[PDB]
Amino acid sequence: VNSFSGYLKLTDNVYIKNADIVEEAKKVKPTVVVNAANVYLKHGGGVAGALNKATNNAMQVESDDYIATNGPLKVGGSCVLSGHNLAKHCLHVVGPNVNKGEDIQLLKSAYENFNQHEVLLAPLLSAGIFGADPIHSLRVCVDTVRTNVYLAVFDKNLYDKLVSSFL
Ligand SMILES: O=C(O)c1cncc(O)c1
């Protein structure tokens, strides 16, 4: 049993809810929250900007030190950093950004990072301002992630469309 409440079960291991991931992280304090990161860990907008704002910019300060030491992530890659006041850990995952021309096939590689963690609170990778079709992102998630994933979809309209269209 875990602390996640009000989710809709899609599969054996994937659950979904209409929720602000920031508000959900603050309530649950999950072991892992996933950030919709870019390779530079520049948390300017969407999930990353909202998560970073909720940490009072401590996520960005930590991220800048990580990049100064290690250089940029790969598209499809990830790193584990602090979850600050939101979670134990933040798994920063880089899905491909369609608005930068990145290979959508990298979305499966991005989701494979989730399999290193038994339970996660996450957004749909490459959705929102990353430009991918969220229906596609949910299908790749279900077909890739084997660990237990609790998806927080920000848009009520989109949430209802994801549920209604789910095969
Ligand atoms: O994860 C989301 O629900 C999301 C919704 N809108 C914009 C965005 O970048 C992400």
# chains A, B, ... in the order shown; residues from 1 in each chain; ligands from 1
call {"tool": "select_by_dssp", "arguments": {"residues": "chain A", "states": "helix (DSSP H, G or I)", "output": "number ranges by chain"}}
result
A: 21-28, 46-54, 58-70, 98-100, 106-116, 128-130, 134-144, 156-164
call {"tool": "select_by_dssp", "arguments": {"residues": "stretch 10-99 of chain A", "states": "strand (DSSP E or B)", "output": "list in words"}}
result
residues 14, 15, 16, 17, 18, 32, 33, 34, 35, 36, 78, 79, 80, 81, 82, 89, 90, 91, 92 and 93 of chain A
call {"tool": "write_last_selection", "arguments": {"atoms": "C-alpha atoms", "output": "PDB file, in the first residue's frame"}}
result
ATOM      1  CA  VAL A  14       0.313   2.829 -14.201  1.00  0.00           C
ATOM      2  CA  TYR A  15      -2.095   5.205 -12.471  1.00  0.00           C
ATOM      3  CA  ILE A  16      -3.315   8.680 -13.564  1.00  0.00           C
ATOM      4  CA  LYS A  17      -4.929  11.717 -11.931  1.00  0.00           C
ATOM      5  CA  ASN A  18      -5.896  15.304 -12.895  1.00  0.00           C
ATOM      6  CA  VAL A  32      10.753  10.206  -6.291  1.00  0.00           C
ATOM      7  CA  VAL A  33       9.187  13.088  -8.214  1.00  0.00           C
ATOM      8  CA  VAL A  34      10.099  13.228 -11.905  1.00  0.00           C
ATOM      9  CA  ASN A  35      10.984  16.578 -13.478  1.00  0.00           C
ATOM     10  CA  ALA A  36      10.416  17.294 -17.185  1.00  0.00           C
ATOM     11  CA  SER A  78      18.389  11.502 -16.482  1.00  0.00           C
ATOM     12  CA  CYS A  79      20.053  12.325 -13.198  1.00  0.00           C
ATOM     13  CA  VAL A  80      18.971  11.935  -9.594  1.00  0.00           C
ATOM     14  CA  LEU A  81      19.175  15.092  -7.459  1.00  0.00           C
ATOM     15  CA  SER A  82      17.524  16.271  -4.287  1.00  0.00           C
ATOM     16  CA  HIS A  89      14.657  12.691  -4.681  1.00  0.00           C
ATOM     17  CA  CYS A  90      13.976  14.386  -8.015  1.00  0.00           C
ATOM     18  CA  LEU A  91      14.625  12.299 -11.101  1.00  0.00           C
ATOM     19  CA  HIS A  92      15.345  14.871 -13.826  1.00  0.00           C
ATOM     20  CA  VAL A  93      14.401  13.146 -17.102  1.00  0.00           C
TER      21      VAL A  93
END
call {"tool": "closest_atom_pairs", "arguments": {"of": "chain A", "to": "ligand 1", "cutoff": "8 Å", "atoms": "only C-alpha atoms and all ligand atoms", "output": "JSON lines"}}
result
{"residue": "A:20", "atom": "CA", "partner": "ligand 1", "partner_atom_place_in_ligand_line": "3 (O)", "distance": 7.6}
{"residue": "A:21", "atom": "CA", "partner": "ligand 1", "partner_atom_place_in_ligand_line": "1 (O)", "distance": 7.8}
{"residue": "A:36", "atom": "CA", "partner": "ligand 1", "partner_atom_place_in_ligand_line": "9 (O)", "distance": 7.7}
{"residue": "A:45", "atom": "CA", "partner": "ligand 1", "partner_atom_place_in_ligand_line": "9 (O)", "distance": 7.0}
{"residue": "A:46", "atom": "CA", "partner": "ligand 1", "partner_atom_place_in_ligand_line": "9 (O)", "distance": 3.9}
{"residue": "A:47", "atom": "CA", "partner": "ligand 1", "partner_atom_place_in_ligand_line": "10 (C)", "distance": 5.5}
{"residue": "A:123", "atom": "CA", "partner": "ligand 1", "partner_atom_place_in_ligand_line": "1 (O)", "distance": 4.6}
{"residue": "A:124", "atom": "CA", "partner": "ligand 1", "partner_atom_place_in_ligand_line": "1 (O)", "distance": 5.4}
{"residue": "A:125", "atom": "CA", "partner": "ligand 1", "partner_atom_place_in_ligand_line": "1 (O)", "distance": 7.3}
{"residue": "A:126", "atom": "CA", "partner": "ligand 1", "partner_atom_place_in_ligand_line": "9 (O)", "distance": 8.0}
{"residue": "A:127", "atom": "CA", "partner": "ligand 1", "partner_atom_place_in_ligand_line": "10 (C)", "distance": 5.6}
{"residue": "A:128", "atom": "CA", "partner": "ligand 1", "partner_atom_place_in_ligand_line": "8 (C)", "distance": 3.3}
{"residue": "A:129", "atom": "CA", "partner": "ligand 1", "partner_atom_place_in_ligand_line": "9 (O)", "distance": 4.2}
{"residue": "A:130", "atom": "CA", "partner": "ligand 1", "partner_atom_place_in_ligand_line": "9 (O)", "distance": 6.4}
{"residue": "A:152", "atom": "CA", "partner": "ligand 1", "partner_atom_place_in_ligand_line": "3 (O)", "distance": 6.5}
{"residue": "A:153", "atom": "CA", "partner": "ligand 1", "partner_atom_place_in_ligand_line": "3 (O)", "distance": 4.0}
{"residue": "A:154", "atom": "CA", "partner": "ligand 1", "partner_atom_place_in_ligand_line": "3 (O)", "distance": 3.7}
{"residue": "A:155", "atom": "CA", "partner": "ligand 1", "partner_atom_place_in_ligand_line": "3 (O)", "distance": 5.8}
call {"tool": "atom_distance", "arguments": {"atom1": "atom CA of residue A:88", "atom2": "atom CA of residue A:24"}}
result
13.7 Å
call {"tool": "residues_around", "arguments": {"residues": "stretch 100-107 of chain A", "least_positions_apart": "4", "cutoff": "6 Å", "atoms": "only C-alpha atoms", "output": "MDAnalysis selection string"}}
result
chainID A and resid 76 95:96
call {"tool": "closest_residue", "arguments": {"among": "A:8, A:122, A:94, A:22", "to": "residue A:41", "atoms": "only C-alpha atoms"}}
result
A:94
call {"tool": "atom_distance", "arguments": {"atom1": "atom CA of residue A:55", "atom2": "atom CA of residue A:42"}}
result
14.0 Å
call {"tool": "closest_residue", "arguments": {"among": "A:83, A:52, A:115, A:158", "to": "residue A:13", "atoms": "only C-alpha atoms"}}
result
A:115
call {"tool": "closest_residue", "arguments": {"among": "A:162, A:87, A:121, A:39", "to": "residue A:10", "atoms": "only C-alpha atoms"}}
result
A:162
call {"tool": "closest_residue", "arguments": {"among": "A:119, A:98, A:58, A:19", "to": "residue A:134", "atoms": "only C-alpha atoms"}}
result
A:98
call {"tool": "residues_around", "arguments": {"residues": "residue A:114", "least_positions_apart": "2", "cutoff": "9 Å", "atoms": "only C-alpha atoms", "output": "mmCIF file with N, CA, C and O atoms, in the first residue's frame"}}
result
data_model
loop_
_atom_site.group_PDB
_atom_site.id
_atom_site.type_symbol
_atom_site.label_atom_id
_atom_site.label_comp_id
_atom_site.auth_asym_id
_atom_site.auth_seq_id
_atom_site.Cartn_x
_atom_site.Cartn_y
_atom_site.Cartn_z
ATOM 1 N N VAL A 34 9.419 13.038 -10.610
ATOM 2 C CA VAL A 34 10.099 13.228 -11.905
ATOM 3 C C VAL A 34 9.892 14.661 -12.367
ATOM 4 O O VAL A 34 8.787 15.168 -12.374
ATOM 5 N N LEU A 91 14.048 12.899 -9.891
ATOM 6 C CA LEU A 91 14.625 12.299 -11.101
ATOM 7 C C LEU A 91 14.377 13.246 -12.256
ATOM 8 O O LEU A 91 13.235 13.397 -12.727
ATOM 9 N N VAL A 93 14.427 13.970 -15.889
ATOM 10 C CA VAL A 93 14.401 13.146 -17.102
ATOM 11 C C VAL A 93 14.215 14.060 -18.297
ATOM 12 O O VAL A 93 13.306 14.878 -18.300
ATOM 13 N N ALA A 110 13.744 7.782 -22.636
ATOM 14 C CA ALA A 110 13.480 8.673 -21.506
ATOM 15 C C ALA A 110 12.694 7.916 -20.430
ATOM 16 O O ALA A 110 13.006 7.953 -19.266
ATOM 17 N N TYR A 111 11.611 7.252 -20.839
ATOM 18 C CA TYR A 111 10.775 6.514 -19.869
ATOM 19 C C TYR A 111 11.521 5.343 -19.239
ATOM 20 O O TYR A 111 11.226 4.979 -18.127
ATOM 21 N N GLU A 112 12.502 4.769 -19.927
ATOM 22 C CA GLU A 112 13.255 3.641 -19.340
ATOM 23 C C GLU A 112 13.944 4.056 -18.044
ATOM 24 O O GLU A 112 14.136 3.243 -17.137
ATOM 25 N N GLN A 116 14.343 2.400 -12.944
ATOM 26 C CA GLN A 116 15.364 2.306 -11.889
ATOM 27 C C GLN A 116 14.773 2.680 -10.531
ATOM 28 O O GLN A 116 15.533 2.730 -9.548
ATOM 29 N N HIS A 117 13.479 2.974 -10.450
ATOM 30 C CA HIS A 117 12.826 3.450 -9.225
ATOM 31 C C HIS A 117 11.522 2.682 -9.046
ATOM 32 O O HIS A 117 10.725 2.609 -9.955
ATOM 33 N N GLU A 118 11.319 2.147 -7.848
ATOM 34 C CA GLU A 118 10.157 1.253 -7.634
ATOM 35 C C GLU A 118 8.820 2.008 -7.745
ATOM 36 O O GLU A 118 7.833 1.406 -8.187
ATOM 37 N N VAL A 119 8.787 3.236 -7.269
ATOM 38 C CA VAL A 119 7.563 4.067 -7.290
ATOM 39 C C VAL A 119 7.941 5.498 -7.648
ATOM 40 O O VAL A 119 8.887 6.047 -7.066
ATOM 41 N N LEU A 120 7.150 6.139 -8.483
ATOM 42 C CA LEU A 120 7.434 7.538 -8.894
ATOM 43 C C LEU A 120 6.143 8.305 -9.054
ATOM 44 O O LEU A 120 5.143 7.752 -9.577
ATOM 45 N N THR A 144 6.467 0.920 -21.592
ATOM 46 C CA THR A 144 7.903 0.992 -21.259
ATOM 47 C C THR A 144 8.143 0.847 -19.775
ATOM 48 O O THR A 144 9.088 0.145 -19.391
ATOM 49 N N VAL A 145 7.382 1.541 -18.953
ATOM 50 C CA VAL A 145 7.622 1.579 -17.516
ATOM 51 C C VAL A 145 6.996 0.325 -16.925
ATOM 52 O O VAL A 145 5.812 0.012 -17.197
ATOM 53 N N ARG A 146 7.768 -0.371 -16.139
ATOM 54 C CA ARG A 146 7.340 -1.594 -15.411
ATOM 55 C C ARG A 146 7.210 -1.335 -13.923
ATOM 56 O O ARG A 146 6.522 -2.148 -13.221
ATOM 57 N N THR A 147 7.800 -0.278 -13.396
ATOM 58 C CA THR A 147 7.653 0.098 -11.992
ATOM 59 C C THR A 147 6.373 0.900 -11.804
ATOM 60 O O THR A 147 5.630 1.143 -12.767
ATOM 61 N N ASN A 148 6.062 1.224 -10.594
ATOM 62 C CA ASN A 148 4.744 1.828 -10.319
ATOM 63 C C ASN A 148 4.808 3.339 -10.489
ATOM 64 O O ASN A 148 5.515 4.041 -9.738
ATOM 65 N N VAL A 149 4.057 3.826 -11.422
ATOM 66 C CA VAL A 149 4.104 5.247 -11.816
ATOM 67 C C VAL A 149 2.727 5.874 -11.636
ATOM 68 O O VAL A 149 1.712 5.315 -12.121
#
call {"tool": "atom_distance", "arguments": {"atom1": "atom CA of residue A:86", "atom2": "atom CA of residue A:23"}}
result
8.9 Å
call {"tool": "decode", "arguments": {"residues": "stretch 82-107 of chain A", "atoms": "N, CA, C and O atoms", "output": "tab-separated table (two decimals), in the first residue's frame"}}
result
chain	number	residue	atom	x	y	z
A	82	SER	N	18.42	16.11	-5.43
A	82	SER	CA	17.52	16.27	-4.29
A	82	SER	C	16.10	16.55	-4.72
A	82	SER	O	15.85	17.25	-5.67
A	83	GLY	N	15.14	16.09	-3.89
A	83	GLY	CA	13.74	16.51	-4.05
A	83	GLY	C	13.37	17.73	-3.23
A	83	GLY	O	12.25	18.17	-3.31
A	84	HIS	N	14.34	18.28	-2.51
A	84	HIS	CA	14.12	19.52	-1.73
A	84	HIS	C	12.90	19.31	-0.81
A	84	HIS	O	12.82	18.27	-0.13
A	85	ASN	N	11.99	20.26	-0.81
A	85	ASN	CA	10.78	20.25	0.02
A	85	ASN	C	9.67	19.46	-0.64
A	85	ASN	O	8.58	19.37	-0.04
A	86	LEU	N	9.88	18.90	-1.81
A	86	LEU	CA	8.80	18.22	-2.54
A	86	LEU	C	8.82	16.71	-2.44
A	86	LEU	O	7.74	16.09	-2.65
A	87	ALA	N	9.95	16.09	-2.28
A	87	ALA	CA	10.14	14.65	-2.41
A	87	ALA	C	11.49	14.30	-1.81
A	87	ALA	O	12.31	15.23	-1.59
A	88	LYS	N	11.77	13.03	-1.59
A	88	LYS	CA	13.15	12.68	-1.19
A	88	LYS	C	14.13	13.02	-2.31
A	88	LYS	O	15.14	13.72	-2.09
A	89	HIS	N	13.80	12.54	-3.50
A	89	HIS	CA	14.66	12.69	-4.68
A	89	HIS	C	13.83	13.29	-5.80
A	89	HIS	O	12.64	13.04	-5.93
A	90	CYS	N	14.53	14.01	-6.70
A	90	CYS	CA	13.98	14.39	-8.01
A	90	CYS	C	14.75	13.68	-9.10
A	90	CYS	O	16.01	13.81	-9.16
A	91	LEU	N	14.05	12.90	-9.89
A	91	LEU	CA	14.62	12.30	-11.10
A	91	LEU	C	14.38	13.25	-12.26
A	91	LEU	O	13.23	13.40	-12.73
A	92	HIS	N	15.43	13.94	-12.68
A	92	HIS	CA	15.34	14.87	-13.83
A	92	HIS	C	15.47	14.07	-15.11
A	92	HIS	O	16.54	13.45	-15.30
A	93	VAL	N	14.43	13.97	-15.89
A	93	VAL	CA	14.40	13.15	-17.10
A	93	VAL	C	14.22	14.06	-18.30
A	93	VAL	O	13.31	14.88	-18.30
A	94	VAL	N	15.04	13.86	-19.32
A	94	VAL	CA	14.96	14.66	-20.56
A	94	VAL	C	14.23	13.89	-21.63
A	94	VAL	O	14.80	13.01	-22.25
A	95	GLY	N	12.97	14.21	-21.84
A	95	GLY	CA	12.29	13.72	-23.02
A	95	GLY	C	12.68	14.58	-24.21
A	95	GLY	O	13.08	15.75	-24.08
A	96	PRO	N	12.49	14.06	-25.43
A	96	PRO	CA	12.74	14.88	-26.62
A	96	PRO	C	11.75	16.03	-26.68
A	96	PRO	O	10.58	15.93	-26.38
A	97	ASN	N	12.29	17.19	-27.09
A	97	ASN	CA	11.49	18.39	-27.30
A	97	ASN	C	11.22	18.47	-28.80
A	97	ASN	O	12.16	18.74	-29.61
A	98	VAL	N	9.98	18.27	-29.18
A	98	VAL	CA	9.55	18.37	-30.60
A	98	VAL	C	9.80	19.82	-31.07
A	98	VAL	O	10.11	19.95	-32.31
A	99	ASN	N	9.59	20.83	-30.26
A	99	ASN	CA	9.80	22.26	-30.65
A	99	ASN	C	11.29	22.58	-30.84
A	99	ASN	O	11.57	23.73	-31.30
A	100	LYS	N	12.21	21.62	-30.60
A	100	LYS	CA	13.67	21.72	-30.96
A	100	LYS	C	14.03	20.71	-32.05
A	100	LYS	O	15.23	20.61	-32.34
A	101	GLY	N	13.10	19.92	-32.60
A	101	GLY	CA	13.36	18.89	-33.62
A	101	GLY	C	13.98	17.56	-33.16
A	101	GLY	O	14.47	16.79	-34.01
A	102	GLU	N	13.88	17.19	-31.89
A	102	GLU	CA	14.48	15.94	-31.34
A	102	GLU	C	13.70	14.68	-31.73
A	102	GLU	O	12.44	14.74	-31.83
A	103	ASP	N	14.36	13.55	-31.83
A	103	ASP	CA	13.83	12.26	-32.30
A	103	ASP	C	12.80	11.74	-31.28
A	103	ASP	O	13.16	11.52	-30.11
A	104	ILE	N	11.53	11.62	-31.66
A	104	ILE	CA	10.46	11.15	-30.75
A	104	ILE	C	10.76	9.74	-30.28
A	104	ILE	O	10.21	9.43	-29.22
A	105	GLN	N	11.54	8.92	-31.03
A	105	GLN	CA	11.92	7.55	-30.62
A	105	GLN	C	12.70	7.61	-29.31
A	105	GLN	O	12.62	6.65	-28.52
A	106	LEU	N	13.24	8.82	-28.95
A	106	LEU	CA	14.00	8.96	-27.71
A	106	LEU	C	13.04	8.99	-26.53
A	106	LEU	O	13.48	8.90	-25.44
A	107	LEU	N	11.73	9.11	-26.79
A	107	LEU	CA	10.78	9.12	-25.67
A	107	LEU	C	10.81	7.79	-24.92
A	107	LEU	O	10.72	7.78	-23.71
